[PDB]
Each structure stands twice: as C-alpha cells, then as structure tokens.
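Chain letters run A, B, ... following the sequence lines, proteins first and then strands; every chain starts at 1. Note that ligands are numbered from 1 as they come in the structure, with each ligand's atoms numbered from 1 the same way.
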Amino acid sequence: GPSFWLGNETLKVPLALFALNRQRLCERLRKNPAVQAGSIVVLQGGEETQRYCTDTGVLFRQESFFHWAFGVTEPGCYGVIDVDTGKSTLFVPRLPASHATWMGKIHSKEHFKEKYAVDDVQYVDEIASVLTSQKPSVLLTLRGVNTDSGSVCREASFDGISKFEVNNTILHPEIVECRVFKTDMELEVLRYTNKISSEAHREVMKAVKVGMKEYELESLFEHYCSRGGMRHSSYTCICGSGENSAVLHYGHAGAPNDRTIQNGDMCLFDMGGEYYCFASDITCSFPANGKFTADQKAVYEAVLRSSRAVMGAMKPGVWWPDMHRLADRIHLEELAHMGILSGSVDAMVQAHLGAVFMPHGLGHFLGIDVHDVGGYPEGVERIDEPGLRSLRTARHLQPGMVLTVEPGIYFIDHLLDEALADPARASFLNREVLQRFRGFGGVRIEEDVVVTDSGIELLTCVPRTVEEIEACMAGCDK
Amino acid sequence: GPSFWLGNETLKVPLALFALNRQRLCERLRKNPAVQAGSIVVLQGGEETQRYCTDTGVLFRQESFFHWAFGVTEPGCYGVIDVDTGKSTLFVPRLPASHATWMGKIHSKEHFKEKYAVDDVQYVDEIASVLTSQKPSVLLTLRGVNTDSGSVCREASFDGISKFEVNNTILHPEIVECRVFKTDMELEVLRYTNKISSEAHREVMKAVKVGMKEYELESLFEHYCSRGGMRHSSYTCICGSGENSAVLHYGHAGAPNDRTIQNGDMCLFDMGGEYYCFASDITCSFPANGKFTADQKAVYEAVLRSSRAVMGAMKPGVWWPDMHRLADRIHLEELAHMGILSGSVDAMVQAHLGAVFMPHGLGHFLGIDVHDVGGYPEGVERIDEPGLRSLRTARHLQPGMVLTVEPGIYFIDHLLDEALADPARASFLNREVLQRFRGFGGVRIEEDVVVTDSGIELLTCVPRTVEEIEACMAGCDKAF
Ligand code: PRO
Ligand code: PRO
Ligand SMILES: [Cl-]
Ligand SMILES: [Mn+2]
Ligand SMILES: [Mn+2]
Ligand SMILES: [Mn+2]
Ligand SMILES: [Mn+2]
Ligand code: NA
Ligand code: NA
Ligand SMILES: [O-]
Ligand SMILES: [O-]
C-alpha cells in the first residue's frame, strides 16, 4: 500500500500503520461491556491557527489522537470508525476555487482515499448526513484528562451532532491504552527519529566551542533534523550551559538559550526531532571544552552508572517506581564516594535525600507525544514522595512500552539549602565538599528504549563514556 | 540604558525603542479630544500555550501590540501606561518556588524594572489593587478588527476589572496608527532582519542543487537565520520549485515543501527571519540549475522591470493602488513583447488582464507582523477589482511606512483557462506561445523598503539581475 515519504534517505512509513491502530482500537472497544453494537468512533482533527489576531499562520501539526488513528496531515478534517466492522471514513474540507491560487492543488476525495488507505472519503459539510444514514446507536467521542498537563481533551463536535446520542467517557481510556503499546510499524518510526536525533547530537558535540551561544547549538540540531525530514522538534530544545544545566526545562521563552558557553562549563543538551508526529527525546551531557575535570567525571560517571543499571534491570513486570528508587540509591552511593555525602545510604534513602539531587521522574512514556499518554490510568496512583511524585507513570513495565531513561544529578541551590536546614538530612551533607559543587549545574543522560519480552531494546546511539565523549569532541574520526 | 542582545554579531536593541513607542502613543492619545484626563492604557500580554491537550509547550512569541509597547518576552504579563504622565507599569507573574527547579531563576520585580526600563513593576495578582490605588478615570483597552485575518483583537481582562470604567474603542485605531509609522530605532531592527535574511537567501542560492528537496533549502535558510539570533521565522517558508512556484502561499502543512527540484525548474523562495519580533519578507526567484533559459530570462526581467519602476516611482503622496496598476501595465507590456499576448495593452488593462498573471496585491505594510496592521483604517476602502481587491492597503504613502514591493508573474491554469473562456479577455492570449509556459510556475521579486521624506530606502540586499543571480549561484564573493 501507500507510504508517507519525504524522499532522500528519510523513512517510508506505511499508511497500514494507522489502519492497524484503528483495528486495535476496535478490538479493544468490542471487548468493553459498556460498548453498544452499532457504535461509531468520531474524532475531529486539528484546525489551522494564526498568531493571536494576526493572519500569521502557524505551521500545522496534527492533533495526536487523530494522527494515531489516521496519519492525516491536512487541517480541518474529521475521521470516523465503525466499531463493529472497522470501516473508516475520512471527512475532508470542501475547498473554494481560490485555494488553487494561494494554497495548491484541490485534490479529489478519491486522491485522499488512496493516499490514506481509508474505506471512504466524504466532505466535512456532509458529516451529519453521512452519519445519519449509518443509523448509529451512539457516537463515541474523545474526552478525558491528560495526566501531565491536566488539560481536558477536546471532544468532536459538528453541526447537527445534537441529534445523536453521544458518549464521551468510553473512548478516552481505550484509545490511550492502545497508544501505550507500540506496534512494530510504530517502532520503526521511533528508530528513525532516534537515529536522526542521535546523529544531530553527535554533530552538536563536535561543533561546540567555548564562546558560542547556546542557541547556536539549537540551530545546528534543528538544521540536521530538518534536513532529515523533521520540520518540527518534539519539544523546545533545552541547551543549558554552566549553571543553566541545573534548570530542567531551560530554553523556553523566559530563559531562551541565550547564554555564552564558557570554559569549564558543563553542557546539558536535551533535544529531539519529530518525524511524521513521532517523537524522540535525547539528552547528552559533556564539558564545553572537551575535557572532563575530576569533579565533572565523578558526577557524570555516577549518572552513567544509574543509566546503565536502570536499562539493565528493565524487563516485563518491573515496577517503574522501583527503577526510580534504584537510580536514587546509586546516585547517593556515588555522591557518598565523592565525599559530598556521609553516613548510611539506607538512612539517606529513608530521608528521601535522592530527590534533593534528582527532583524529577526517572523517565516517561514516549510516542506521538514526547510525554506520552497513559502513565496514570484509573487504578494507578501517584506516589506522594519527593522525586516519585514527579514520575509521569507508576505502572509496571510490559512489552511494547517505550520509555525514556533519564536519571540526572543537579546542584540546585534552593533544594540543597532546604536539606541543609533539615536536621534529618543535613547530617548527611558535607558542606565543605558540597561548596565546591555549588554552581556546577548538572548532568542528565537520557536514552529512549523499548520494553521487549526479556529486557529492552536501546533506540538511542550517542557517545556515552568519558573516553567516547572526549574523542568525539576532539574531532577524532571514530 | 539597557539593550536586548543575543551576542556575537547580533543587533543590540535599546529598550529605549519601546519607551519611545509608549511616549508616541501617549502623545497621540493626549491630542485625541475624546480621551479623558486620568486615562490608563491597559494591555494584556500573551500567555504560554501547549499543543492541544498535551503538555508539549509551544515556544512563546509575544503578542504584537504588547511587544510594540513593552518589548517583554515573558508570558503571562500585563502592561499599563498612564496617558497623562506616560508612567509605565509592568505586571509580572508571581511564580511558584518550583519554577526555580524546572524553568529557571525567579527574578525579582526590580530585575524586570531594570531589564525593561519601565517606571514600576508589580505582580499580576495585584493589578486590581494597584489600579484602584491610582484612581484612574477610564481604562483604555484594545479591541478592533485585523483587516488581513478578520479576527478581533483580544481585550485585556482581569479579576475585578468590572469595577472600573472601560473604553475599548479609542485605543485600537490610535496604537495601529503609531505602528504604521516606524521610528528610527525600529528601522535599525528592520535593517538587521533584512541583512540576515538577505545573507541567508544568498547562501540558499549558492547551495541549491538539482535533486534537492525544497525543504532542504527551508532548513538551510532557518539555520542561517537562527545562527543570527532569529529563533522564529516571520511566516512559514515558501520554497516553491517548478509548478509550485505558481502557488502563492506554498509550503503550508498541506503542501509542505516536499518536491524534488528538477533541471530546468524555476525556484521561487519567499522566506524571512524574525528578530526580537520584528519581521522581514524577501522573495528571490532563480533557475534551479544556475542558468536562465531565454524563456526564464524574459519572464524574470519583466518582473524586474516592474519592481524597479515601482521602486523608482514610490514617494510620499503616491496612492498605493496606482503602483499596483503600474506593475500590471508593465507586466502586460512585457508579456506582449514576449509574444504571449497580442493586441492593445490599453485594452488589456481595461479588461483587467493583469490580474490573470498577478492575482495578489503588489505589497503590504511590514513591521512587527509580516502583514502589518493599519492598511485599511476607517475611511479607506478596498477596491472591488481583480488583483486590487487583494491589496492589503489602499492608503497613500507617507514617510516612515515600511512596505514590501513584490510584483510577480505566474502561469496559473484555472485563471488562464477562465480568461480563455471569456470573450472579453481570450483574444489577447496567444495559445501557440502560451502553451510553452504552462507549468512554468512563476516569478516573484520581493524587496522590503522604507518610505522616506522623498522616495524610499531599500532594506533588502540580494542579487537581482540575471547576471548577478548567475554569479551568486556560481559562488562569487558578494563584493564582486
Ligand atoms: O519533564 C520531564 O519529566 C523530564 C525531566 C527532565 C527534563 N524532562
Ligand atoms: O499574501 C501576500 O499578500 C503576498 C502575496 C505573495 C505571497 N505573499
Ligand atoms: Cl495554452
Ligand atoms: Mn529530555
Ligand atoms: Mn524526557
Ligand atoms: Mn513573501
Ligand atoms: Mn510579502
Ligand atoms: Na536486563
Ligand atoms: Na547553486
Ligand atoms: O528529558
Ligand atoms: O510575499
């Protein structure tokens, strides 16, 4: 069948990928006792937007659930799926003649049917008439809460929908659950996004020089990715140098990658391109001047140790919060070896000291969204403890899940000062040694992995050992 | 005073630029007989957004009026200006402690006061109390219609605003009129955006090779611009090759710069970086293989002729629609000299034949928005004729306006076929020559210019003659 392709060496993505997702969704819905015979899933695609009140167009990126189900890149569409038969219908805008002048060819409905390999295509203005003819029992629409943003998903609406029976509770948990488990076709796309993003990270490590602005490396990364067919990034590039490497989502408008990289700084670059709305998320940490100091090597190798320990322990049935605590324990052991900490590591763990150094979650589901859906389905509770409460899932691992593994150690003044004021934590901290690390920034090492039947598959391929990184930055051939 | 600067060779932009805009707005409002003593301008800044229901953040770019007045890059702010005194107060978010971990330093109010050179800084949740204490007569808020999008500007609102008298009609036309006329400080920024975008266009012409995808050149352009501190483009890059060069806003999600460039194609690349929310908009047209054919040279030089004629005629007092008609006439003359058209050019103009080949407006105001505000203030009407109806302004030129000059000639099948079906237009077209230009695409030559006291200043600096373009594509130093 047809494939999405941007030519050159970009990945050909079969539209069969989305057909399989529709089939999988129907199979889940058919097993749901609340689902009535003759139900139709109704999804509404994203629409074109502009900046504020201006006519400045924003490049359109499809809504993630709609993309998962249909792979459609055009704005203004709807898509429906008959649950009992799996039959798919795409609804496309009926365009005015002037579109031909300003926007491009006015494709026929048959063109879209062949392009997307759906069973039928109709115009958007006919959706009520078409659905009416199908005599559905109920329309299943999308409404639920995203557990990372707290936002409510926007349910489909069209002129005349009030004449139908509509259910907006059944679908969301079911389609979320399908998205949690990646098909082999989806994994192929995630291997490509990781390949290109990994290559771009390597080019960035080779290019970094003292005196550059952080945004120069954002620029280079996005150039490499967009040359590889990625018009979008998965999230705003985080290019933190020096003390900014301790700022977890650095790079947003309020802190816009505008610092000059100085000799002796650590760099923490968290960047990932997006291909056909599939994410990647990779973090590389390294010295700006290409040579780890003793202190930098010690912190860096501590995070390398926890990274490797977590990846090695991951397999079906492992509880993700246990991986987070494993990383905590390793960091505390290493910080104790360094002399930053003293005492019983068991006692440090009881006092939640790990969270002073890693305040974020160990890692998260990744897919069509970088912080992918389904981390906290009904029955899965957030753990109300430092560090763990920031975990984006408390689930047990199963084959087909895709996770980031991103331990880090940071020296964050307000967390350190808090710990130093607390007699339950202060006795573990050696102020005279810690002082040397004030302003160090931080290290994060982030890999993307897939859970397999017996372990994991690593998607990411960047230099990771101190020797590998220094060789890469020194411009060595291999 | 303080400046916005992204280091290296980027432009230092004094925050005095925005103080001058606030002063100009106050001066204009003080002269407005309907403005009450003790009025305060109240603007609401943009807020950060995410993709749909996800937590995927969208890089925040400030709302344009708020930017014009304050230059503030942070989301979630408000800004007020006392009309009678000119005193400015910025309201910033009161951030949670966790911001320090995830987002960065929690800057003090004094930090923002020094950064933006405003008179006072307060937290946003205190806006009702602060304004109550100042005892304003009226709050002047922003509401009006953008004449390019048809959208209504978002009026400021805050909890407790219902306790104040609010006027939402006075401000919009006045602040729009201030934006229409660029200060010398604003022109410095527009010169920088044009410099970097021009250089990026030159790099693209030097790099293009037959066999590339259009999006590879979009990628190169944005790389050059972002290396120069332009994190955003002014609009989505239009990289049309072959027949796609006849599609005016090609490059959007539905037609995403995904064609392979072929030998013999013309390229039409309309791209412009944005620096600190100031736009650029430049179009370069050239042969993909670096050598104009005779047919390509003829079409290209027709548009070069109208470009230069319009630039030569522009000065204060000139009616912009007259410039559009001048370009139409030149295109028709040259298409006749090429043998594509025959008969009386005067008759062709009466039949609106120019619009078949240039269906869009000659050019538009440019500023903080690429299609800048104020093209159609009250009393200025849109002309209901082919081509002219797409003009984004029907104003007379005055010093300080910034305009694009962007004539083009395209071979658009449904427009050509309409003309051939119309007895009033069909006889002018010579099908035996025209057939050769089906699928040609088109040529557009777009310069950014400033209206001066007596003429124009050209901002754009790219190769324009056939000889200059072929030299650029052959890798010649720009000085040559
Ligand atoms: O937001 C998160 O979960 C991870 C933590 C480090 C940056 N991204
Ligand atoms: O929208 C406009 O007015 C111009 C016409 C060509 C592309 N941009
Ligand atoms: Cl013809
Ligand atoms: Mn990351
Ligand atoms: Mn991540
Ligand atoms: Mn343009
Ligand atoms: Mn333009
Ligand atoms: Na293992
Ligand atoms: Na070239
Ligand atoms: O991350
Ligand atoms: O343009």
Legend entry - With the Mn ion (ligand 6) as the apex, the OD2/OD1 angle for B/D270 and B/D281 - to 10°: 150°
Inset, instruction - May I ask you to check if ligand 1 and A/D270 share an N or O to N or O distance below 3.5 Å? - result: no
Inset, instruction - Compute the minimum heavy-atom distance from A/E446 to ligand 1 and say whether it is under 4.0 Å. - result: no
Legend entry - Of B/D270, B/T460, B/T404, the residue whose pairing with B/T283 passes side chain to side chain donor-acceptor pair (under 3.5 Å): B/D270
Legend entry - N-O pairing of B/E199 and B/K206 below 4.0 Å: no
Inset, instruction - Please could you name the atoms of ligand 1 that A/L248 approaches to less than 4.0 Å, counting only its heavy atoms? - result: 7 (C)
Legend entry - Close-contact set for ligand 1 against B/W102 heavy atoms, below 4.0 Å: 1 (O)
Inset, instruction - Would you mind finding which of A/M358, A/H360, A/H364, A/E406 brings a heavy atom closest to atom 8 (N) of ligand 1? - result: A/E406
Inset, instruction - Looking only at protein heavy atoms, identify the closest one to atom 3 (O) of ligand 1 and say how far it is in Å. - result: A/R392 NE, 2.9 Å
Inset, instruction - Check whether the ring centres of B/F357 and B/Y410 lie less than 6.0 Å apart, and answer yes or no. - result: no
Legend entry - Ion pair check, B/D55 and A/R392, cut-off under 4.0 Å: yes
Inset, instruction - Compute the ring centroids of A/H201 and A/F221, then answer whether they are less than 6.0 Å apart. - result: yes
Inset, instruction - Return the residue, atom name and 0.1 Å-rounded distance of the protein heavy atom closest to atom 1 (O) of ligand 1. - result: A/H249 NE2, 2.8 Å
Legend entry - B/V208 O and B/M205 O subtending at the Na ion (ligand 9) (10° steps): 110°
Inset, instruction - Taking atom types as modelled, find out whether B/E274 and B/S280 have a side-chain donor-acceptor pair closer than 3.5 angstrom. - result: no
Legend entry - Check: A/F269 ring centroid to A/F286 ring centroid under 6.0 Å: yes
Inset, instruction - Check B/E446 and report its N/O/S atom nearest to the Mn ion (ligand 6), by atom name. - result: OE1
